[PDB]
Structure formats: structure tokens, C-alpha cells
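**Student:** got a structure for you, letters missing:
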RNA sequence: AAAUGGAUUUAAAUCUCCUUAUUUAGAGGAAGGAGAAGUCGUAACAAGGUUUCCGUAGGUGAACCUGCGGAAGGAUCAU
RNA sequence: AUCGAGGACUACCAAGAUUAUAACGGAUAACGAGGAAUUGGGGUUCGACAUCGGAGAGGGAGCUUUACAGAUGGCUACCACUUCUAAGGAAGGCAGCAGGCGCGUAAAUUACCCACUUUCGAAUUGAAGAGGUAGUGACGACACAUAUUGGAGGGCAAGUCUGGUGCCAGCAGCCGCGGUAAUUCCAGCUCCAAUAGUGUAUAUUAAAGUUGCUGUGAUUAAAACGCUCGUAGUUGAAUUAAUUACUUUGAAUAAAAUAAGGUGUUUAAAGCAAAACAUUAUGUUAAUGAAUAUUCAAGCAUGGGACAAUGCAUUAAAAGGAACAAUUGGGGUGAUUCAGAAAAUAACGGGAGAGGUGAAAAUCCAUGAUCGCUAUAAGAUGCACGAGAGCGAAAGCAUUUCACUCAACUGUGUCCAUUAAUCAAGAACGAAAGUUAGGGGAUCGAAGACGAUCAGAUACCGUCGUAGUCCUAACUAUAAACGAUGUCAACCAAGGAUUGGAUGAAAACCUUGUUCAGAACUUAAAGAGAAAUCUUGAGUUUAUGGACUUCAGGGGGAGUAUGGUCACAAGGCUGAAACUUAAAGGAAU
RNA sequence: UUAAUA
């Protein structure tokens, strides 16, 4: 059964970009899925997206432009203390200038860079190069 | 069990799966104190009682000189090599010797037919300097 | 390992099939695995057809044929030259 | 897929993207409630009640007309059956299989499917007890279900 | 208020059973491993000369043989 | 009763307390902690021993004094010891400092003094084997002169130099070198590494992504339960403008140690002191004490509420369940029913062979066989149709009729509203063989008996033939139970065909368009893999994490021994160790 | 038809 909708969405997006597809469709939409896409847009990894309302937790269509190498979700969302940031980036990201994590915090869903600026930790969601 | 609250099974699986480690189980179960003639000791002392010569394996030829030792701490009977050239003539009978291991090879080592122990002293100094 | 993708059988969506008897060995082989060949021949050989037709008591009686289905085990299909051992890349041909 | 066998079918219904009643529909809630009320008194399951309204009265969705579901309507009138409809039909099948099994003792496939059916009953009974639909004193028994289901 | 008599409390010590644990002797029996280029066969790898293997049953100096049902890891992806 | 709570003890009353989230037991070569060794991150192993806490003084037990002891450099008794003795009797407890015996691979002087730190005392003064100084000290650490240790085939830097040795002696951690021309033995010379150190042996750590959270593998190398149901456990769709968990700051918290701040112990390891300059009594100065930070698991407070759990009214998931309509089904059960092969019997014809083999033989036949026709009655079986077709959780399921069931697909503006997925313990079904008791007993046929073949043949070939093969009831619970590929879910390159539906066209059957479900097949310069090969995955994995369960750790010993449990039995489930060995194994040329 | 071993 669908345990993690975000995992399904990020696997659909990564698969689409490996094939060079222009746009992809995600069937179950969520707040967390929308927030993850917004973080990826602020770094200009996806052009934009639209949300269709099907009265049944509608679908999302995401436009991709040759820039998203891999976006993946992280299984059980570990409680990331502020001191554990660089330990996670050293493991999940390619270098110190390229990628960005995604964390869910009381101040919303933010990447590692601005969560460090806001001085707040939380559960880790995923990443993208 | 890769979940966030699944720490009971993850910890319990490593307890069970660790018993299949041949090198790790041997050092934990109670056999070093009953089935080891040397025991935990690195070196052991015993009395020489018989001078022996063991033939080597098939792809080799010759007689491996060695001695039979009766240890003090336990009382078991073992066989001990006599290191380098012509060192068996230096070893007398009914005297105390220091017996100390070998590498461990595929368990047995260098006098071929099952010997795993080498005489390092003859009461004296060394079945080296001697 | 696997010399054949289908394991030499013709069974895909089931677990068991009945047995048949080799026409030469008498061996028991499953129905799908057996080498099935069909034979349709006249009851009179090509030499004797003329002789029978000469002295016959019927106007234009047409000689009947015999029909029987022969099933062979793998060992008795190869030995009897029913089938031959083929190339590694020619095994895949099913025509 | 299905709970107990590897079958996987997606035969569903498709609610239209219109939560309000269609323009051509003119019957008010009073006729809908009483027509549904009369059907409940006749001993008809709520799932079948809605179908009869849809096929005959053209009221395909009742929530689009009255604003509340069929079961909520029946509870307000007090005509909702004490045993939930889906659980009731499951115990009707377990009784029927058991009756056939009394005379045919050698049927080993009916014994397997009876086991699957009763496992479903214990799954639904557990859920409805957490939902407070069924009192905790309720318990499914073969020697008893033959009478209440009847 | 000292010797001393008596009754409780806490009870060492010893004896008799019983249990557990560890070590160790034993005629004989059934095993495993290693060595010695010892007798007897040809079981397996080629269609290994009766295709091989698995479960079970029986038999036999020995590998093993045979009955029933499977598998191809077959020597057939094919009428 | 005690200083005091308290089953701490007593009397009466009640039946309670703990346990799969591991109680009760067993082991420890187990005192706990601060900490130590090694580590990229995560971790692994150790901690008797500086300091804190606990316990003990040969073994228990019982007490005295006192504010504090169940004290032992106090006492009493018992056990095991040791010493003196005038033979009557007596004290003593080095797990205090030295030292001695024993034990072991393994560990120092029967020294001097209270001068430093501090404790006790009637007190500025006396004691202190606490403490300090000295002696032994290649356990280790630091600085520093000018020589030893191991090796020279590869791993691994260094000799295809010369003398002896002749598969011997030997070297050799592993591969291996040595059978007379040794690069490996024993020596001589030379140089290779480190250097006051350097080899060996055992053990910890890294190497080991060969114990996996980060982080493994399960088709074929070892490894997916035979299959389904199922409790605990784990994981759970979207959705809303009181606690807990999470997160940020702190409070409080012994030092030593770790990190780290300052400081020329001549540097350094150290120490926390010394001075830099004031040429310093003066002055910086009332000088330094690193802020010394930690720090995990709990506990306390604080700001936030995104992601989550327990709270106490949204929709209608290409989640799930139920209902209905039309069907599909070698799915199952019962009854009914058809077929003729083989063999048996009855009658008739015929009259010398028949079986069987490579050739034969054993065997059957004149009591008439084999062969031919016609009749019967049981057992069993279910050809051709029959397929890379269908159904079933798997095992498995095939003459046609009638019932009883069941499941699934499709169709749906029908209902519920999270009811779900995977699942230790537990439970149904589980081929064939085998067991128990009845019936049946045709064919075939483990055992057995003959005849051939062979050197032998207990086998292959032929003939006969018991248990069995068949049905009913009850056991057994194993297979190469295989797709050697766990269950659920998402994404996913081109096709042609097929099974069952729905829906248009073309007049049930058939040809076409679309779409749902099922068993499959072909192509790939792409993805993966050690390759074979996989593509309705074995793909989306060092760019490693969707959920859950089971299993594997070189080959043997061995699925063996023992223990437990199930069975009438055979056997099934769980299941080692000693010892042995440098390979065993997988795919391909 | 028979064809064992180094």
C-alpha cells in the first residue's frame, strides 16, 4: 500500500528526468509534496508546477528543465539536531556548493541553508542535486 | 524493519546473526578454558618426555624433529617444534621448556602434521642462543 | 545454468499436468514436455499400391489412411532422430 | 489487490465533479427522505436503497440532494439496522457455507473459504467495536449467528 | 552484683538424604578425520556407456539397484 | 520493632504480584562510574588499579564500647590453620608497608625521615610504612651522543655474488624453495629497513561494505518458510488559517582526563606556574586559573507547531470491505452416467505352435494355446480434442448430466468511511511414498523366484509375482513442494498475438477501434549484473533509505551427537562442539 | 550383444 506519498512523487520525478521527459504527473497531491516542490523551485531545479483539483486529493504536473539530477526522499525522518547538519550533508550531498537537503521544521519546510540561518532543526525529508 | 520506532528487532537481529561469526563465536563460547592446551596464556612451561620426528605432507619430503611436552598448569601432553637447524641435540630430557605458539596458518603450521607449538627456551636461554 | 528459458516444457500458468507414455521407451513424461509428432500414412506402401489396385473387387475404392499421434520422451526423441541437438543461438528458433 | 487472493481488479464507480444536484432534478428532500424511508421499512440494505432511488427515481447521488448520506438519514429516522450492513452480509455467507458443510464433510475448498470469511468477520467486528457502532458485548458465534442472520 | 538454673531470638558447626553443575574410568558398539602410491569393484563427470538429481519404501559386500511421484541443474526452447 | 517510612516482623482478612516490551532461571576468566586503546563518519573492545560510590579482612555466625562498627592492627563460639611450652597451659590472623614460600609466561628494598600535603591528640612542640626522599626498574612517554636487531623469491625495500650442503639437513606466518649448477638451506662479502631499539608469541582495534543504523547478500557462488490465515510488533492516503514526541535556548551539574587559551620547563613530554617590562621591593597588580566547552540516556524551564502518537464534525483514494447486474471457471463436494483397451469366464471354428530377445532361454499349449466372432460381471482408467490455453493459496484439477457451493473479472451518480500492508507465538490445506482398520483386488509392480548377459551381475533385458497401486475413516507433514526469484505499493522503451469482459463500427459465430483484468512471447545501440542472462525486472542502488517478515556468513565434521517436543512407527521441528583443511564453489573462453 | 583399470 502507499505508505509514503512523497517517496512515490520523488521517484516519479527522478525517473522522468533520466528519460529526458519534459513534464511529469503525480497522482496524489499533498501539502508536503507542494512544499518540497517549492523548495526545488527557489533553487531553479524545476520550472514550475500546476495542481489540478479532482475532488479526490488531486494531481500535480511538474515541468522539468534538464537540471534535476536526482531528487530522493529519506526514509524514517530522523530528528536532525542543528549539530548534526554537516554530518548529513557530508553523507547525502555531492559537495559543499551543489546540493541541498530538505527539512520539516516548526517554521515550515526549509532546506539546510536557511534552516541553519533560522537556527532550527527538525525531521529530514529528502534532498536534490 | 527500517522504521523509526523499530529498534527492538534491529538490535535483536544483530544479537542472533553475530553467533554465525566463526572467528567471533570461538573467542566467546567456553572453549578457550577447556579445549585449549595452552589456555589464555601466551607461553607455557612443561617437561620434555619424548623426542619425536614427524614426516611432512605429500608435496614435501623429510622428517620434522620435535619434542613431546607435559605442561605444568594443566597436565596435558603436546608436541613442540625445535626451531632452526640442529636444535634437537640441545634439548635434554625431563627438563623444563618454554612453549610458545606459532603463527596460526590454516590452524596448523610449520612441522606440518598437526604441530602448533614451538620451543623457545631450554631451561637455558634460548633454543636460539644456546 | 538455465539452458532454456521455458525449462524445456510448455507449462506456464499451472503447477501439474498429467503423464503420457513414450511410444518407444514406455517412459512416463508429462504431457507438455513430451515430443508430440503426428503421422498420416496409407495402409499400403508405395510399392504395393499398384498390385492391390490391379486385382480388386470394388469399382473405384479409395485406399484409406492411418492416423496416430506419437509421443516420445527426450531420450528416445534424440536417439530416434526425431529431433536433433541444435546450435546455442539456433535453439531459440521455434518455427 | 484483494485481501486474500492475488487478484487485482480496479472495477470502481466514478463520482462526477459536481457535488450539487443536477439542474434537471426537481424532487425535494421531503420526497427523497420518505421514498427512502419506505424502502428501509421493507427490509432493504442501505446500499440497495440508494440503487433503487438511482434506477427508478433518478436520484443517483443522495448526498447531492439532501446533503447527508443514506446511513445518516436512516439513523435519524431510527431505521438503521442494529448490525451494520456490510458485517451482516458477511455473516449471512458464513452461515450459508456452514450449512452446506454439514452434509458435505469432504469439501476441503469450502472449509478454506469459510476460514477466510470468518477472518473477515473478526476484522470487521474489531473495527466496529473501536468505532463504538457495536457494543463490546457483541461476539460472533456459529451457534448463534444462524438465528440473528436468518 | 559475680558464679549458676530455665525459656525465647539470632544461629555457626556437623551428619543423613535429594538435586544440580563440572571433571573423569570403563569391556564392548556405532562414527568422523588424517596417513600409507594396500585388496574389491565402476557409482559420478561424454547419451560416462541403464540421462542425472530430489522425497519416500525395500534390498544388497561396496559404491548402489529397483518401485511410486516429481525437477531439468537434459541429451528437446521446434510439427 | 527501629533513629524512621515499610510485610521489617506478628494476628486476622482478601487473592493477589511478574511475564513474549523476555519474568523466573543459567553463564561470566562481572565490583559500578569518571574514564582508556583504536577510530573519516558510525562504531568495537577494555576499565582489579590516581578520584567518587559499594563490599571484605582465612570461612560463616553472635556481640561489647561509643555519636558513628555487626569493628576484626576489638571480643565470643564452631571449622581450617600457625606459633610458644617447663606437657600443666597460652595468642595469632600481612586482601597494611618491606620481606619469605608456593603458583604462574608474568611483576621491585626486610632503606631513611616527618622537612612537603594532610589527619589525630590534653595541642604552635608528639606521632603518622598516610606522605616525602632514596634503591631495583628496555612496562611505557619526551629530548639527545657515535650500534644493534631483523632481512635480501613474491606479499615487501634489498644479491639472478661465491663456498659447502644434495627432496637429506632444513627454510617456510601464505604461495613455495630444496632429487648434486639451490636467487629461499648452512656460511663469507655486500646493502635493505628501523635505530638505542629491534624480532617473536597471545589478545583488542583498524583493515572487515567478511556482522551491515550509515552498510552487505538470498536465480545459478551460502542463503526466500510448500502455501494461506493470524496475535503481539513494525508501517500506515489526502484533509482543519490537552498532553507527549521533535526542535531552540538555558538552569543545575566533582575534580582528574579529552579538546582547547596563555606561559621559551634551553625545545619537547610536562607543570600551572613565572615573569615579558616595570632593570623588578612600588605595580603592570587587588597579577594567571583558559569562557576552561563538553556530555549521552533520563529529569526541570523556555520560544515554535511543520512532521508524528494518545485526543474527546471534511471527501469518497486507479487503498480496502460490502451490495447488485451480467458472465467466466479441466475450482471443490455429492449423486448420476458413457466408453472400449487389457485381462477373466462361457460357447463355437482351427489344429501346432505361442511368448520373448541382439540371439536365446525360463514360461504357456494336444486337458486344444496364440488367433477369429459373439456374449457377459467387477476393478481401473478417462485417448484422439489437449494448446507455452483455463481454474486454484499451494499441493493440484480432463467422459456428460443434475444439484450444493466458492472465487474472480467486468459494469455501476449503490453503501461504509481507514476498516489497511507485512506478520515471532498459533492455526487450516499440504504430491508421491509410508502406517492403522474395513472393502476391492483388473493392470502394473519395491521385496522375492527363475532365465539370459558378464570374469562376476545380488543390476540393466525377458517371465512369474507378495506388500502396494483403487475407495472409505484416521495418521504422517516431507519433495529439484522450482519461476531454485517472499508479500504489498509507485514509475517504467518498441511491438505482434492470445484468454474473459465492457464499449463503437461492420450482418452466437467471425473481422476491426478503444479500454480493464490474466498466462505468456519478440526486439533493444538503453538500465543492471561476475557473466549466463533479467525487461509485467534480477531496472529506478557508493547519486547507497517506499513498508514488513524469513534466511546466509570459506569447505568439511553435519542437519551429525545430545537435550526438548510431536508421531502407532518410519520419521518430522529445534539443533551444536571437538577436530581437520587453503581452498571448496559460480559464469564464461 | 559385450568394452573393467592406470
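**Tutor:** Ah, there it is. Residues are numbered from 1 along each chain as shown, chains lettered A, B, ... in the order given.
**Student:** How about the closest residue to chain A within chain B, nearest residue that isn't a chain neighbour?
**Tutor:** Nearest residue of chain B to chain A (C-beta to the nearest C-beta) works out as residue B:4 at 3.7 Å. For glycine as for every other residue, the C-beta is placed from the backbone atoms N, C-alpha and C. Counting by C-beta to C-beta, 6 or more residues apart in numbering or on different chains, residue B:4 lies nearest to residue A:76, which is 3.7 Å off, once chain neighbours are set aside.
**Student:** before we move on, the earlier item: near the residue of chain B closest to chain A, how many other residues are there?
**Tutor:** By other C-beta atoms under 10 Å in any protein chain shown, 11 other residues sit near residue B:4.
**Student:** I'd like to know how far the residue nearest to residue B:4 sits from RNA strand F.
**Tutor:** From residue A:76 across to RNA strand F, the span is 5 Å (C-beta to the nearest atom of the strand, to the nearest Å).
**Student:** so where does residue A:16 fall, helix or strand?
**Tutor:** With elements taken from DSSP states H and E, the one containing residue A:16 is helix A:5-18.
**Student:** Also residue D:83?
**Tutor:** Under the criterion of DSSP H and E, residue D:83 resides outside all helices and strands.
**Student:** SS state for the closest residue to it other than its chain neighbours?
**Tutor:** Closest residue to residue D:83 apart from its sequence neighbours, by C-beta to C-beta, 6+ apart: residue D:148 at 7.1 Å. Using DSSP: H, G, I helix; E, B strand; the rest coil, the structure places residue D:148 in helix.
**Student:** Find the nearest non-adjacent residue to residue B:13, please.
**Tutor:** Residue B:13 sits nearest to residue B:1 (C-beta to C-beta, 6+ apart), 8.0 Å away.
**Student:** and what of residue D:47?
**Tutor:** Spatially, and ignoring its direct neighbours in sequence, residue D:47 is nearest to residue D:85 (6.3 Å; C-beta to C-beta, 6+ apart).
**Student:** In contact with that neighbour, which residues?
**Tutor:** D:45, D:46, D:47 (C-beta atoms under 8 Å, 6 or more residues apart in numbering or on different chains).
**Student:** Let's see which of those residues end up in helices.
**Tutor:** Using DSSP state H, the subset of the contacts of residue D:85 located in helices is D:46, D:47.
**Student:** centre of the chain versus the strand ranked longest in chain B, how much separation?
**Tutor:** Longest strand of chain B, by residue count under DSSP state E: strand B:44-55. Distance of strand B:44-55 from the chain centroid (C-alpha atoms, centre = their mean, to the nearest Å) equals 14 Å.
**Student:** Report the secondary structure element holding the residue of chain A most remote from its centre.
**Tutor:** The outermost residue of chain A relative to its centre, with distances by C-alpha atoms, centre = their mean, is residue A:55 at 24.3 Å. Under the criterion DSSP H and E, no helix or strand holds residue A:55.
**Student:** so what's it closest to, chain neighbours aside?
**Tutor:** Closest residue to residue A:55 apart from its sequence neighbours, by C-beta to C-beta, 6+ apart: residue D:17 at 5.9 Å.
**Student:** and the residue of chain A found nearest chain B, how many neighbours does it have?
**Tutor:** Closest residue of chain A to chain B, C-beta to the nearest C-beta: residue A:76 (3.7 Å). Number of residues near residue A:76 (other C-beta under 10 Å) recorded here: 13.
**Student:** List the residues that contact the residue positioned nearest the centre of chain A.
**Tutor:** Taking C-alpha atoms, centre = their mean, the centroid of chain A lies closest to residue A:36, which sits 3.9 Å from it. Taking C-beta under 8 Å, 6+ apart as the contact definition, residue A:36 lies against A:6, A:9, A:10, A:102, A:109, A:125, A:126.
**Student:** hmm, back to that, surely the residue nearest to residue A:55 is within a strand?
**Tutor:** No. Going by three-state DSSP, the assignment for residue D:17 is coil, not a strand.
**Student:** For the residue of chain A closest to chain B, list the residues it contacts.
**Tutor:** By C-beta under 8 Å, 6+ apart, the contact list for residue A:76 reads B:2, B:3, B:4.
**Student:** Repeat that for residue B:45.
**Tutor:** For residue B:45, the contact set (C-beta under 8 Å, 6+ apart) comprises B:71, B:72, B:73, B:96, B:97, B:98, B:99.
**Student:** what two of those residues are the furthest from one another?
**Tutor:** B:73 and B:97 (13.8 Å; C-beta to C-beta).
**Student:** Between those two, point out the one with more neighbours.
**Tutor:** Using other C-beta under 10 Å as the criterion, residue B:73 and residue B:97 rank with residue B:97 on top: 24 against 12.
**Student:** Can you name the residues bridging to the more buried one?
**Tutor:** Beta-bridge pairing of residue B:97 under DSSP bridges involves residue B:46.
**Student:** surely it meets residue B:118?
**Tutor:** No. Contact criterion C-beta atoms under 8 Å: residue B:97 and residue B:118 do not qualify, at 10.1 Å.
**Student:** Give me the common contacts of those two.
**Tutor:** Common neighbours of residue B:97 and residue B:118, counting by C-beta under 8 Å, 6+ apart, are residue B:80.
**Student:** any idea how far the residue located most distally from the centre of chain D lies from residue D:118?
**Tutor:** Counting by C-alpha atoms, centre = their mean, the extreme residue of chain D relative to its mean C-alpha position is residue D:106, 31.8 Å from that point. Counting by C-beta to C-beta, to the nearest Å, the separation of residue D:106 from residue D:118 is 20 Å.
**Student:** Mind jotting down where the helices sit in chain B?
**Tutor:** Ranges of helices within chain B are B:8-17, B:22-26, based on DSSP H.
**Student:** So which of those helices is nearest RNA strand E?
**Tutor:** Of all those, helix B:22-26 sits nearest to RNA strand E, with 16.5 Å by C-beta to the nearest atom of the strand.
**Student:** Now look at that closest one and say if it contacts RNA strand F.
**Tutor:** Yes. Judged by C-beta under 7 Å from any atom of the strand, helix B:22-26 and RNA strand F are in contact via B:22, B:25, B:26.
**Student:** Neighbours of the residue in chain B that RNA strand E sits nearest to, how many?
**Tutor:** RNA strand E sits closest to residue B:58 of chain B, with a gap of 4.4 Å, by C-beta to the nearest atom of the strand. Residue B:58 has 7 neighbours, counted by other C-beta under 10 Å.
**Student:** cool, residue B:120 as well?
**Tutor:** Using other C-beta under 10 Å, residue B:120 is surrounded by 18 other residues.
**Student:** Compute the distance between residue D:120 and chain A, please.
**Tutor:** Distance of residue D:120 to chain A, computed by C-beta to the nearest C-beta, to the nearest Å: 18 Å.
**Student:** which non-adjacent residue is nearest that residue?
**Tutor:** residue D:90 (5.7 Å).
**Student:** ok, back up a step: contacting residues around the residue farthest from the centre of chain A?
**Tutor:** D:15, D:17, D:19.
**Student:** Good, wrapping up.
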